[PDB]
């Protein structure tokens, strides 16, 4: 028993991190087969960060402008033999296929979804943590300058789903990046300018997941017979900083195992939003929305 923030084992991804340097700029990249992905602002000189002409910058580059070093677990000398730009990413081609490339996919995650981040500096992995893609297409991470190119991922069986490459800090403790299709989450621009963020919201389906966890750990005081329909909850949510609740098969399994219906928890949420009346739930005096239904099924029930 117990529920805590958990990340995927990082070994597979660690073996894929490298350093990328272009002029006076260096950061992290991801080495999959013959490709090395990194943020394109690695091209950008310090005096143009607030207004990069990425088209011009790409034109000025040759394969010799890029230095790619493997700093852990290999005597790998990596020659760049091709370079291209795909959205906010660079795609560099190298003359050697990463012998430790995992089975993998590229997937764009939606709000409320969780993934593991492998924080990296100069191609050296330093730490791992889990984040949720906030409803405003930010994440709440722990990143310092030099962490760009750190990757985010999930894992289904042996397959690694790469879904995030770290790009920028937007405000204290507020970060964003792109999917590997090159699209930036939240459409934030990779320029050094201040950019307004939309309002954050409680991830309703994750709060339900978390309450199911509570019930399965013997904490069920908030459960009453009373129910609120999905439809009525979703109207209330719009007025009260909650996302729309969409049920999944993962949520339904928690309902089955506990015998407590989703609609009882939607009711509970409307009562708990008002406050906990001096009580707690799994050690918290506030609603938690960074535990997903899948995460709870994994941790409570295997």
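Positions refer to the first chain, counted from 1.
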item: Between the two ranges 205 to 213 and 93 to 101, the one averaging a larger CA B factor in the entry; value: 93 to 101
item: Stretch exceeding the other in mean C-alpha B-factor - 6 to 14, 282 to 290; value: 282 to 290
item: Candidate set 259, 45, 39, 247 [ranked by C-alpha B-factor, highest]; value: 45
item: C-alpha B-factor winner, where the candidates are 57, 269, 239, 255; value: 239
item: Record-listed C-alpha B factor of residue 221: chain third; value: highest
item: Lowest, middle or highest third - CA B-factor, residue 189; value: middle
item: Third of chain Cα B-factors occupied by residue 53; value: highest
item: Relative C-alpha B-factor of residue 84, binned into the chain's lowest, middle or highest third; value: highest
item: Residue 170 - Cα temperature factor, lowest/middle/highest third of chain; value: middle
